[PDB]
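K.L.:
Could you have a look at this structure, given as structure tokens, before my questions?
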Amino acid sequence: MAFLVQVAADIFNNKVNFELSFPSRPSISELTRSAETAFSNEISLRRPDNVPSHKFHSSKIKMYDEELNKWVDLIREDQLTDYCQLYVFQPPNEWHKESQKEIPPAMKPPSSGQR
């Protein structure tokens with residue numbers, strides 16, 4: 001009925017995983033905008049009061065390809081499959097660093113940002 005993608009990232013030293021819903025297979029631009037919005041909302045929610053406000057910026061997106069059993073770059077508009085798992089990197093920054101903490105079961109993304 002809807003096309004789902006799981007999108008994971010490292011936010012303040014926790015691995016987060018969101019289920020994003022689309023009417024059909026999204027474009028990479030559409031997916032990227034949806035993911036940046038969801039992760040920016042997560043940052044706003046989780047931000048420690050000693051950290052300045054900031055947004056999530058995607059730098060590279062990988063997809064775990066079950067056909068090849070490996071992580072590959074998301075480059076083409078015919079790679080995404082329903083309920084596939086993506087991981088989104090950011091450019092180097094002070095607050096969010098990569099970890100090999102396992103990707104948790106996907107949850108609905110935040111419902112809003114912070115007023």
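Going by the structure tokens order, chains are called A, B, ..., each with residues numbered from 1, while ligands are numbered from 1 in the order shown.
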Excluding same-chain residues fewer than 4 positions from residue 8 in chain A, what lies within 12 Å of it counting only C-alpha atoms, as a VMD selection string?
P.N.:
chain A and resid 14 to 20 35 to 36 38 to 39 42 58 61 to 64 84 to 90 98 to 109
K.L.:
Would you output that residue set with C-alpha atoms, as a JSON list (two decimals), in the first residue's frame?
P.N.:
```
[["chain", "number", "residue", "atom", "x", "y", "z"],
["A", 14, "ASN", "CA", 22.89, 6.51, 19.86],
["A", 15, "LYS", "CA", 22.00, 4.59, 16.70],
["A", 16, "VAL", "CA", 18.53, 5.62, 15.61],
["A", 17, "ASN", "CA", 16.40, 3.90, 12.99],
["A", 18, "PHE", "CA", 13.26, 5.43, 11.48],
["A", 19, "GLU", "CA", 10.53, 3.92, 9.31],
["A", 20, "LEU", "CA", 9.78, 6.47, 6.57],
["A", 35, "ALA", "CA", 15.49, 11.74, 6.12],
["A", 36, "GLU", "CA", 17.11, 15.12, 6.88],
["A", 38, "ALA", "CA", 13.34, 13.34, 10.49],
["A", 39, "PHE", "CA", 16.91, 13.37, 11.82],
["A", 42, "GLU", "CA", 15.46, 13.95, 16.38],
["A", 58, "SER", "CA", 23.40, 14.12, 4.78],
["A", 61, "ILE", "CA", 23.70, 7.40, 1.94],
["A", 62, "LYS", "CA", 24.34, 3.66, 1.86],
["A", 63, "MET", "CA", 21.83, 0.84, 1.42],
["A", 64, "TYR", "CA", 22.31, -2.66, 2.73],
["A", 84, "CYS", "CA", 15.25, -1.88, 2.77],
["A", 85, "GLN", "CA", 17.72, -0.50, 5.34],
["A", 86, "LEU", "CA", 19.67, 2.72, 4.68],
["A", 87, "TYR", "CA", 22.38, 4.41, 6.74],
["A", 88, "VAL", "CA", 23.02, 8.13, 6.37],
["A", 89, "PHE", "CA", 26.38, 9.79, 7.09],
["A", 90, "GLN", "CA", 27.02, 13.45, 7.89],
["A", 98, "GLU", "CA", 29.90, 6.90, 13.72],
["A", 99, "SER", "CA", 29.58, 3.81, 15.89],
["A", 100, "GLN", "CA", 29.16, 0.13, 15.17],
["A", 101, "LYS", "CA", 26.34, 0.06, 17.69],
["A", 102, "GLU", "CA", 23.70, -2.14, 16.08],
["A", 103, "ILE", "CA", 20.81, -0.64, 14.17],
["A", 104, "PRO", "CA", 17.69, -0.94, 16.39],
["A", 105, "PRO", "CA", 14.18, -1.90, 15.23],
["A", 106, "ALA", "CA", 12.72, 0.97, 13.19],
["A", 107, "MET", "CA", 10.32, 3.44, 14.83],
["A", 108, "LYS", "CA", 8.04, 6.18, 13.55],
["A", 109, "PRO", "CA", 9.99, 9.43, 13.10]]
```
K.L.:
Pull the strand (DSSP E or B) assignments for range 11-84 of chain A out of DSSP run on the backbone, and list those residues as a tab-separated table (two decimals) with N, CA, C and O atoms, in the first residue's frame.
P.N.:
```
chain	number	residue	atom	x	y	z
A	11	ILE	N	23.02	9.55	16.12
A	11	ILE	CA	22.66	10.85	16.70
A	11	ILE	C	23.04	10.91	18.18
A	11	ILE	O	22.52	10.15	19.00
A	14	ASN	N	23.86	7.61	19.92
A	14	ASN	CA	22.89	6.51	19.86
A	14	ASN	C	22.60	6.22	18.40
A	14	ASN	O	22.53	7.15	17.60
A	15	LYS	N	22.44	4.95	18.05
A	15	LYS	CA	22.00	4.59	16.70
A	15	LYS	C	20.49	4.71	16.66
A	15	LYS	O	19.79	4.10	17.47
A	16	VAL	N	19.97	5.49	15.72
A	16	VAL	CA	18.53	5.62	15.61
A	16	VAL	C	18.11	5.02	14.28
A	16	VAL	O	18.90	4.96	13.34
A	17	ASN	N	16.89	4.50	14.22
A	17	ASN	CA	16.40	3.90	12.99
A	17	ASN	C	14.94	4.28	12.84
A	17	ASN	O	14.13	3.95	13.71
A	18	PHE	N	14.62	4.98	11.75
A	18	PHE	CA	13.26	5.43	11.48
A	18	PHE	C	12.61	4.76	10.27
A	18	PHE	O	13.25	4.58	9.21
A	19	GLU	N	11.34	4.40	10.43
A	19	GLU	CA	10.53	3.92	9.31
A	19	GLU	C	9.94	5.12	8.59
A	19	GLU	O	9.14	5.86	9.18
A	20	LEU	N	10.33	5.36	7.34
A	20	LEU	CA	9.78	6.47	6.57
A	20	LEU	C	8.81	5.90	5.56
A	20	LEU	O	9.08	4.85	4.96
A	21	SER	N	7.67	6.55	5.38
A	21	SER	CA	6.62	6.06	4.48
A	21	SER	C	6.46	6.99	3.28
A	21	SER	O	6.52	8.22	3.42
A	22	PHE	N	6.28	6.41	2.09
A	22	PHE	CA	6.06	7.20	0.88
A	22	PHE	C	4.93	6.56	0.07
A	22	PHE	O	4.68	5.36	0.19
A	60	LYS	N	26.52	11.15	2.62
A	60	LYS	CA	26.54	9.91	1.85
A	60	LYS	C	25.44	9.02	2.40
A	60	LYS	O	25.26	8.95	3.62
A	61	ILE	N	24.72	8.35	1.51
A	61	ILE	CA	23.70	7.40	1.94
A	61	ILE	C	24.13	6.04	1.42
A	61	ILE	O	24.46	5.91	0.23
A	62	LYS	N	24.15	5.05	2.29
A	62	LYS	CA	24.34	3.66	1.86
A	62	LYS	C	23.09	2.82	2.09
A	62	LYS	O	22.31	3.10	2.99
A	63	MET	N	22.93	1.78	1.28
A	63	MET	CA	21.83	0.84	1.42
A	63	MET	C	22.43	-0.53	1.69
A	63	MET	O	23.44	-0.90	1.07
A	64	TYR	N	21.85	-1.29	2.60
A	64	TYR	CA	22.31	-2.66	2.73
A	64	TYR	C	21.59	-3.48	1.66
A	64	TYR	O	20.36	-3.62	1.68
A	65	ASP	N	22.37	-4.00	0.72
A	65	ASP	CA	21.83	-4.75	-0.42
A	65	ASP	C	21.83	-6.24	-0.08
A	65	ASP	O	22.89	-6.86	-0.01
A	70	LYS	N	25.95	-6.82	1.10
A	70	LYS	CA	26.89	-5.80	1.52
A	70	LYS	C	26.25	-4.43	1.43
A	70	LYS	O	25.22	-4.25	0.76
A	71	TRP	N	26.87	-3.49	2.13
A	71	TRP	CA	26.47	-2.09	2.04
A	71	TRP	C	27.04	-1.48	0.76
A	71	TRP	O	28.24	-1.62	0.45
A	72	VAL	N	26.16	-0.82	0.00
A	72	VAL	CA	26.54	-0.12	-1.23
A	72	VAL	C	26.06	1.33	-1.19
A	72	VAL	O	25.10	1.65	-0.48
A	73	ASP	N	26.70	2.22	-1.95
A	73	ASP	CA	26.24	3.60	-2.03
A	73	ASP	C	24.88	3.67	-2.72
A	73	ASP	O	24.61	2.94	-3.68
A	84	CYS	N	13.79	-1.81	2.76
A	84	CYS	CA	15.25	-1.88	2.77
A	84	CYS	C	15.81	-0.97	3.88
A	84	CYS	O	15.13	-0.07	4.36
```
K.L.:
Hey, can you check how far CA of residue 28 in chain A sits from CA of residue 47 in chain A?
P.N.:
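Separation of CA of residue 28 in chain A and CA of residue 47 in chain A: 27.4 Å.
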K.L.:
If you run DSSP on the backbone, which residues of range 15-88 of chain A are helix (DSSP H, G or I), as a PyMOL selection string?
P.N.:
chain A and resi 28-46
K.L.:
Generate the output file for the selected residues, C-alpha atoms, as a compact mmCIF listing (two decimals), in the first residue's frame.
P.N.:
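Written file, again-v2.txt:
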```txt
# COMPACT_ATOMS: atom_id res chain seq x y z
CA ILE A 28 16.84 9.95 -3.87
CA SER A 29 16.17 13.71 -3.49
CA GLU A 30 12.76 13.02 -1.93
CA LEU A 31 14.21 10.36 0.40
CA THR A 32 17.07 12.66 1.37
CA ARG A 33 14.75 15.55 2.24
CA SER A 34 12.50 13.22 4.27
CA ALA A 35 15.49 11.74 6.12
CA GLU A 36 17.11 15.12 6.88
CA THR A 37 13.82 16.41 8.25
CA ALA A 38 13.34 13.34 10.49
CA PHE A 39 16.91 13.37 11.82
CA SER A 40 16.86 17.16 12.32
CA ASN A 41 13.71 16.66 14.37
CA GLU A 42 15.46 13.95 16.38
CA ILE A 43 18.46 16.25 16.99
CA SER A 44 16.15 19.05 18.21
CA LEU A 45 14.37 16.66 20.58
CA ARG A 46 17.58 15.07 21.96
```
K.L.:
Can you pull out the residues contacting residue 26 in chain A? Cut-off 9 Å, using only C-alpha atoms, and skip same-chain residues under 5 positions away; I want them as a list in words.
P.N.:
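Residues meeting the cut-off are residues 3, 31, 77 and 80 of chain A.
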